[PDB]
C-alpha cells in the first residue's frame, strides 16, 4: 500500500542540491504547497473524504468541505497532528484547511491551527528515513547542524519518475525501496508530486539538464495535467497534442478501475490540485 516517503518529503527533496545546500530560497509558496501535500496525503491514506452532500456541487472543488473518515494515528507526526485538529472541528473546506495550517487566514476562535517547525520536522523524518545524514558544521560564533543528502538514489528515482511523466513518450514508472511496484495509487502519487512541486515552484529544478524544446514541453505538459486533474470527475478522454506521456489517460483509467469506491477521496486531491493552480 503506502510508500516510504510522503509527498511533503518528496517536495522538500525537490528544493535541495544533490550533495549539499539548496536550490530554492525558502519562501511561503513552498510552505503552502506542503500543507497541500498533507491534505492529499490524508486522502490517499483513506483518513479523510469529500463531505458527502450533493449541495457541494454548487461550489468550486477547493471550496468543498472535507470529512474525517478515520482518525487513528498514521505514524507521521505532521499528518497525525493535522488529523487531530480535523477530528475536533466542523467540516471545513480544502482551501480553508490549507490556509489555517499555513497561518494564512486569520481566525480568533481558532488559536491556533498553524503547523509549526514543518521544515525542521520534515528534515528530522528525512534523517530517520536515512535519506539525509547529519553533519556538524563549525561557524565563527556557534556550531550548526546540517543535513546533506546521504542516499542520492532516492532523489534520482524521484527525478526519473517525474521525467517519465513529462518528457518520455510513454510513461513507464520505475520502482525501488522507497517507492515499490506495489504501492497503491502509484500514478496519482506521482501526478500529485508534479502538481505539488509546480505550486511550490520547485518543479523546474529537475528540468535544468534538458534541451530547450524538452524543458518547454515538460512545463506545458505539466500545466496540461494540472488542468485535467483539478476537476471532478477527471477528464480522461482529452488527448495530449504534445508527444509526451501519451498513455497517461489509459494508465490512470486502469489505476482507478483497480481501486474502486475511492471517488470520494480522489475528489479531495483534485480540489488540492485546484488550489495549486490558483497560487
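Positions refer to the first chain, counted from 1.
Here 136 to 144 and 92 to 100 are compared by their mean Cα B-factor, and 136 to 144 comes out higher. Checked against the record, the higher mean CA B factor of 190 to 198 and 151 to 159 lies with 151 to 159. Among the modelled residues of its chain, residue 236 has a C-alpha B-factor that falls in the highest third according to the deposited record.
Residue-level temperature factors show residue 215 in the middle third of its chain, judged at the C-alpha atom. Residue 68: CA B factor in the middle third of modelled residues in this chain (values from the PDB entry). When the modelled residues of the chain are ordered by their C-alpha B factor, residue 117 lands in the middle third. In this PDB entry, residue 203 carries a Cα temperature factor that places it within the lowest third of its chain's modelled residues.
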